[PDB]
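In: Using only what follows, build the 3D model:
(chains A, B, C, D, E, F, G, H and I, ligands or ions: 4)
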Amino acid sequence: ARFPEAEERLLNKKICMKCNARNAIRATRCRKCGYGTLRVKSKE
Amino acid sequence: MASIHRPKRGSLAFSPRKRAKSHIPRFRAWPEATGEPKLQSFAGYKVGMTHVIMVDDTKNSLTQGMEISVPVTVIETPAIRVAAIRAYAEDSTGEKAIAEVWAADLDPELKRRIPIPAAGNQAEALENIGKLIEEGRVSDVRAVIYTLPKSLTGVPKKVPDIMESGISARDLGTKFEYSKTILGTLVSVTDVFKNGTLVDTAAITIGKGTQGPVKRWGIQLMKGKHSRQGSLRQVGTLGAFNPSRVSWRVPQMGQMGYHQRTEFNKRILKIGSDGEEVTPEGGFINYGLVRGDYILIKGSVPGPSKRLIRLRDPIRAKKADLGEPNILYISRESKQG
Amino acid sequence: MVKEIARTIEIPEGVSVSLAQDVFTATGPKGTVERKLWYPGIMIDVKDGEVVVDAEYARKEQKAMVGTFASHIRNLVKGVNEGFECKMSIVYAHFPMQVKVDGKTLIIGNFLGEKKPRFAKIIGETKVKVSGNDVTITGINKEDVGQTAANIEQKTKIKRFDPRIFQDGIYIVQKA
Amino acid sequence: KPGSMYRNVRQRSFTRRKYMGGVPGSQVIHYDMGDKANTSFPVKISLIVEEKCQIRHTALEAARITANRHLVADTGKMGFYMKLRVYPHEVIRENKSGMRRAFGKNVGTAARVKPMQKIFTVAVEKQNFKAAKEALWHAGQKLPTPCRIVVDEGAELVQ
Amino acid sequence: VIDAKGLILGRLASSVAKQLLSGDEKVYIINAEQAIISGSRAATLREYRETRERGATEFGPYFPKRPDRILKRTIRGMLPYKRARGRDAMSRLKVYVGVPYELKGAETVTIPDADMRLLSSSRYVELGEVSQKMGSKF
Amino acid sequence: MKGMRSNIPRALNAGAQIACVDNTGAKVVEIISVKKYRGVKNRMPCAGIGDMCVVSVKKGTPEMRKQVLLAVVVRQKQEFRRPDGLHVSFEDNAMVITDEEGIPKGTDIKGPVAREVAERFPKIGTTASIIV
RNA sequence: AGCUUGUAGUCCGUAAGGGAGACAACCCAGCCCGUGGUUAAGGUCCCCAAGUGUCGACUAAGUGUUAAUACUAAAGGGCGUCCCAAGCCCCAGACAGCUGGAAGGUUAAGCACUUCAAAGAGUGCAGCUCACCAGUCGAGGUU
RNA sequence: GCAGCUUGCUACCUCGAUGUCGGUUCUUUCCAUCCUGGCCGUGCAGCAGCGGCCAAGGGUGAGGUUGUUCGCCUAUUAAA
RNA sequence: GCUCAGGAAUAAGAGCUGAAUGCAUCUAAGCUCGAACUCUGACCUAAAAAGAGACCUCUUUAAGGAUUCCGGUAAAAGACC
Ligand SMILES: [Mg+2]
Ligand SMILES: [Mg+2]
Ligand SMILES: [Mg+2]
Ligand SMILES: [Zn+2]
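Out: Numbering: from 1, shown residues only, chains lettered A, B, ... in the order given. Ligands and ions are numbered 1, 2, ... in the order given. This is the structure:
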């Protein structure tokens, strides 16, 4: 199964394009590497 | 170069491999107490080796229950006299001896080691150490013990070996009061170690003289055509071009053996009181026969026969209570056949 | 218009706060909290049910520090006045976890069939109640309650599987 | 052969091609892109270089290709006019043994550009200014020099 | 007798080195583990762990671990200790962790300019913490 | 694999030719390598009793010959010791032809076989008649 | 290329003393002997004589604490931080948060309008969501 | 751009000699990590991969040809 | 024959609190975890540690050490027991 809060705390984040680091869903810049382009974490 | 990799020859964990500075092994650390007061150490003399046929009791072993033949090592362990009670003051620099009190009554044979302390400050030294423990300067209390090898016929010596054995208790007042109880008395090895419990055996190992690198570090003999070109038991190279010096980690000749070594988890298998229970026909080879009370330790122990062996309860014992063993046969047939 | 870098915290009634040395303590009905808040050039003053934090210089580090200190002070007064309650959910796929509190650490039994239970610490004077399917956390310190919830959620982190298929664990549904 | 080899300007201009032999011509195809007729572009920007560098013809062609593709995909095919001002006139020769008779053969051309000399001039409408500026930014990434954009026309038209 | 609580390591070391090179006084530096070292904690620990594990075992710098011996080493650096002046200066310097028993009730003087509150940041670690993270017992 | 109850020296090493004593048709098999044995530098791969080995058939039928098979050594002249203290030895070495998991290719094994391999590979124990 | 081959000046070669950590030719300096004084280069927290010197800022990285140089890493990027200038919205109430709506439409199978301040041939995991007008703390926001 | 671990370029040192390849023996070092340890992403269901980050404590073997380095081939192996 | 860990601080990383930027944010301060690495813990050596140590005992023409002598648990000579 898939749960609401589980996907909120697991699959509801963005990922840096370069370093693949987890960043917040509202953040437009990676905290680790400073890259400008982030993608949502894949869930399919 | 396509490097072929080999582990380093020998261990650098035991360097500099020099002659140990005493015939008595010394304990650098002691285990923390987990129960009632008792001496954490005993000293015996290694007689020799035999084997027992004991029913296996080790839990989860493949051969549990069935008969096995375990090489044991009989150790001649007479009573010891707790000579002195010594307290230590702890600070930033380290532990320092703050005071001692020697027993009033002591064996006459002790003069061969140290001059006999007089029966003087016995009550007053004890009250001084009590005041020091009360105010807070004292941190730990240790007992001084010596062997009494005058009884043993297999060991040629009659002078005692003096050593420190920490007391195992919870409160420093409790340690002090137990040390007051046992000060100046003879405490047998049954009052320290129980039958079936692990211990740590330390003793100066067998001296092998100035041995070569092939025997000292187990380096490789020269092979093939190089076996008969002039260097057979010599290390191939002592270093590179740079750095322009021989490292301390190169195998080389030197003093092999007669080092202090500590063996962990040496089980106790028997607590005997008559030497005819284990002494074989013709006695032991180059020792004689057992005449005091002994303990049978499973497996080997560092040092040759007659060497002093220091026994302490284990410092890294993985396993739980092991129970009493069930010896079916102590092999007292001749060691000379 | 004209900026005011200084910030003011009104101390609510029933809560007495002081600034003895560089440590800030708030005492109230819900409990009492002591904290250390010292930054160079940031002066904190308590007076008459109201605390003001102000910086001598107006550079961006001073503005960030005065904002952070003001937020910490208001969190301290809210914890010592009303406290914080956090919510988490206990959801599993196939193996029902046994969740219990046996001291200052939580117990997570049979997490994905594991025979060794996971242990999650409890920070501060924090009350954790595992009320069936969800966990409730309460405390006078917002950092302590947040870190207790974080410890409970972090020790349930599956460490090799796809999170799009394996989703067991304990998850926050409401922060401090 | 990286552009760092034939980059620094420490030699005189080797351009008189009647006293040399067999120059391989530049790969640069065009020098005008977009609307080559509408002179009524209000906002005009230029990419200028701020060092003394020799740009190879392959570097110029790559910069022109990226800038022209970005401008065609941003402002349409006829919504811009982009001009590569500089022709590669210098002939670049490599010593293709050892250092005996070291005067090498011609292995390509290049353009020697001075500091603040405009490379690309782009004329665009008001709304397509940002896309043209960003495409010119992508053009200077393929050049061997630090490049900064400067606005020619309609400085007030933008801000 | 210098109380090194809340003092910069280098500034205290330079002051004590110049005082000992004046050449008359035996200087005791109590509370050596409470001396301050500016900079971030990560950089300080990185430099001190690099300097700790540097030398060879037969030759190399046996850099100390105790805080008092580290402070003694730092004052040793700012002296001509290979000379007779430096040797006399290092013999006339004693550094202790905490207060030894013979310095209880004695009078202390602390350097004004070597104070740690003259610094304007929170980026510091004490010398005691650096010694402790180097594996020392004190 | 599963630990036996007796210590077994690794007598045979790589290159040894051992009389294969099953009815697989292979008569003499040379030990190429040993499963579950990472070596050290210069050390030949050694195989004592109960070890699975990679062997190449040296003598045997035309179809078994030159193949690379899996074999289990069941006898060895190098004496090993039982847990009760007694040392056990055999008149000659011998290996049987098996699979990866331990199942022999043959159906009867001539001669004795050590009881350790019977307790480790029970099919090797059942297939062989006399066990020592 | 501390490569090779020229040209102008000055050096080492044949050049001390003082200073750059050491430095053939880098700076002061061209130098008979002794004494006194003051300066050159460069330095003044200690090693080391003289500044824990003054004023105004910057740096948080032990970056740096390296005039020249054979002894010193670039392109690219930074809502790291400190400044200057100019557009745009802005106490006739913006920016970022908190409340009612995205209602007429269209299924041109949205994700291969007469006219209302407030509703598209549409931003999102058919209800579930933004752009957008109303209110709100009440002052700077963005390029 | 870095490295200086391949071949070049050069001719600064050594021609009153710095014993010149490969192997073997033994010790050490770097990380740009093959395995072992910790993570992140996936077009990650699991198993098993793929790519990246941290990490130099340990391991990195036995053989056939060839003088070889390199490279091929064999069967093991956590990896060789 | 024996040959374990445990604990602390950490790297990449994962979070909590939290502003700059009223919200949000793992970071700008602060805090919690996080590796075969580091440290402690074990083990060997270690008063020639120039801050060259602590304590107790014995006794000042002694205490005690070495040699001669019989040896071996040690040993290349010395040393050691
Ligand atoms: Mg000149
Ligand atoms: Mg001249
Ligand atoms: Mg000069
Ligand atoms: Zn990133």
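
In: Next up, identify which helix or strand the most centrally placed residue in chain E is on.
Out: To find the centre residue of chain E, average its C-alpha atoms and take the closest one (CA atoms, centre = their mean): that gives residue E:71, at 1.8 Å. Here residue E:71, judged by DSSP states H and E, is contained in helix E:67-77.

In: Just checking that helix against RNA strand I, any contact.
Out: Yes: using CB under 7 Å from any atom of the strand, helix E:67-77 reaches RNA strand I at E:68, E:69, E:72. Any C-beta I mention is one placed from the backbone N, CA and C, and that applies to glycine too.

In: So which of these is surrounded by the most neighbours?
Out: When these are compared by neighbour count (other CB atoms under 10 Å in any protein chain shown), residue E:68 ends up highest, at 27 neighbours.

In: which of the residues of helix E:67-77 next to RNA strand I lies closest to RNA strand H?
Out: Closest approach between the residues of helix E:67-77 next to RNA strand I and RNA strand H, by CB to the nearest atom of the strand: residue E:69, at 25.2 Å.

In: Over to residue B:303: give its phi and psi.
Out: When read as degrees, to the nearest 10, the backbone of residue B:303 gives phi 100, psi 160.

In: Make sure it is actually in contact with residue B:204.
Out: Yes: with contacts defined as CB atoms under 8 Å, residue B:303 counts as touching residue B:204 at a distance of 6.1 Å.

In: wait, residue D:129 sits on residue D:41?
Out: No: the pair residue D:129 and residue D:41 does not pass the contact test of CB under 8 Å, sitting 10.3 Å apart.

In: Let me see the ranges of the strands in chain D.
Out: Shown for chain D, the strands assigned by DSSP state E span residues D:32-34, D:43-49, D:53-56, D:80-84, D:90-94, D:105-113, D:117-124, D:147-153.

In: Tabulate these in JSON lines, adding columns for mean neighbour count and distance to chain B.
Out: Written out in JSON lines, the entries for the strands of chain D read as follows (neighbours: other CB atoms under 10 Å in any protein chain shown; distance: least, CB to the nearest CB, whole Å):
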{"stretch": "strand D:32-34", "mean neighbour count": "18", "distance to chain B": "56"}
{"stretch": "strand D:43-49", "mean neighbour count": "21", "distance to chain B": "49"}
{"stretch": "strand D:53-56", "mean neighbour count": "24", "distance to chain B": "42"}
{"stretch": "strand D:80-84", "mean neighbour count": "23", "distance to chain B": "54"}
{"stretch": "strand D:90-94", "mean neighbour count": "18", "distance to chain B": "37"}
{"stretch": "strand D:105-113", "mean neighbour count": "20", "distance to chain B": "39"}
{"stretch": "strand D:117-124", "mean neighbour count": "23", "distance to chain B": "52"}
{"stretch": "strand D:147-153", "mean neighbour count": "15", "distance to chain B": "48"}
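
In: Work out the gap between stretch E:96-103 and the centre of the chain.
Out: In this view, stretch E:96-103 has its centroid 15 Å away from the chain centroid, taken as CA atoms, centre = their mean, to the nearest Å.

In: residues in contact with the residue nearest to residue D:153 when sequence neighbours are not counted?
Out: Setting aside the residues directly before and after it, residue D:153 is nearest to residue D:44 in space (CB to CB, 6 or more residues apart in numbering or on different chains), at 3.8 Å. Residues in contact with residue D:44, defined by CB atoms under 8 Å, 6 or more residues apart in numbering or on different chains, are D:121, D:122, D:123, D:124, D:151, D:152, D:153, D:154.

In: Skipping its backbone neighbours, what lies nearest the fourth one in space?
Out: Closest residue to residue D:124 apart from its sequence neighbours, by CB to CB, 6+ apart: residue D:132 at 4.2 Å.

In: Test my guess that that neighbour contacts residue D:125.
Out: No: judged on CB under 8 Å, residue D:132 makes no contact with residue D:125 at a distance of 9.0 Å.

In: neighbour-wise, which of the two wins?
Out: Between residue D:132 and residue D:125, counted using other CB under 10 Å, the more crowded position is residue D:132 (29 against 17).

In: ok, and for stretch B:201-211, which residues are buried?
Out: Buried residues in stretch B:201-211, defined by neighbour count with 16 or more other CB atoms under 10 Å in any protein chain shown: B:201, B:202, B:203, B:204, B:205, B:211.

In: follow-up on the earlier one: distance check, the residue nearest to residue D:153 against chain E.
Out: Taking CB to the nearest CB, to the nearest Å as the measure, residue D:44 and chain E are separated by 50 Å.

In: That residue pairs with what?
Out: With DSSP bridges as the criterion, residue D:44 is bridged to residue D:123, residue D:153.

In: That one and residue D:87: what is the separation?
Out: Counting by CB to CB, to the nearest Å, the gap from residue D:44 to residue D:87 is 21 Å.

In: Assign residue F:15 to helix, strand or coil.
Out: Remark: residue F:15 carries the secondary structure label coil [criterion: DSSP: H, G, I helix; E, B strand; the rest coil].

In: That one: neighbouring residues, count only.
Out: Residue neighbour count, defined by other CB under 10 Å, stands at 10 for residue F:15.

In: Figure out which of the strands of chain D is closest to residue B:138.
Out: Evaluated over the strands of chain D, closeness to residue B:138 peaks at strand D:147-153, with 78.2 Å, by CB to CB.

In: What segments of chain F are helices?
Out: Assigned helices in chain F, in chain order: F:115-120, F:122-127 (criterion: DSSP state H).

In: Distance to residue E:56 and mean neighbour count added to those helices, as CSV?
Out: Converted to CSV, the helices of chain F look like this (distance: least, CB to CB, whole Å; neighbours: other CB atoms under 10 Å in any protein chain shown):
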stretch, distance to residue E:56, mean neighbour count
helix F:115-120, 51, 20
helix F:122-127, 57, 16
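
In: Pipe the ones you listed into TSV and attach distance to RNA strand I per row.
Out: Written out in TSV, the entries for the helices of chain F read as follows (distance: least, CB to the nearest atom of the strand, whole Å):
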stretch	distance to RNA strand I
helix F:115-120	16
helix F:122-127	25
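
In: Any chance of TSV for these, columns distance to chain C?
Out: Supplementary listing: the helices of chain F in TSV, determined by distance: least, CB to the nearest CB, whole Å:
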stretch	distance to chain C
helix F:115-120	28
helix F:122-127	29
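
In: mind putting these in TSV, distance to residue D:32 included?
Out: Rendered in TSV, the data for those read as follows (distance: least, CB to CB, whole Å):
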stretch	distance to residue D:32
helix F:115-120	85
helix F:122-127	86
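
In: nearest to RNA strand H, of these?
Out: Across the helices of chain F, RNA strand H has its closest neighbour in helix F:115-120 (15.5 Å, CB to the nearest atom of the strand).

In: neighbouring contacts of the closest one?
Out: By CB under 8 Å, 6+ apart, the list of residues contacting helix F:115-120 from outside reads F:1-2, F:4-6, F:8, F:49-50, F:72-74, F:80, F:102, F:124-126, F:128, F:131-132.

In: Name only those of these that count as buried.
Out: For the contacts of helix F:115-120, a burial check counting by 16+ other CB under 10 Å picks out F:4-6, F:8, F:49-50, F:72-74, F:80, F:102, F:124-125, F:128, F:131.

In: just the helices in the chain please.
Out: I'll assume chain A. Across chain A, reading from the start of the chain, the helices by DSSP H fall at A:4-10.

In: looking at chain B here, not the other one
Out: With DSSP H, the ranges of helices along chain B come out as B:123-135, B:172-182, B:213-216.

In: One more: chain E?
Out: For chain E, the helices defined by DSSP H occupy E:9-22, E:41-52, E:67-77, E:84-91, E:127-133.

In: Indicate which one of the ones you listed is closest to RNA strand H.
Out: helix E:41-52 (10.6 Å).

In: In terms of secondary structure, what does that closest one contact?
Out: Using 3 or more CB pairs under 8 Å, 6 or more residues apart in numbering or on different chains; DSSP states H and E as the contact criterion, the secondary-structure elements in contact with helix E:41-52 are strand E:124-126, helix E:127-133.

In: right, is that helix up against RNA strand I?
Out: Yes: for helix E:41-52, a contact with RNA strand I is found by CB under 7 Å from any atom of the strand, at E:41, E:42, E:45, E:49.

In: Thanks a lot, catch you later.
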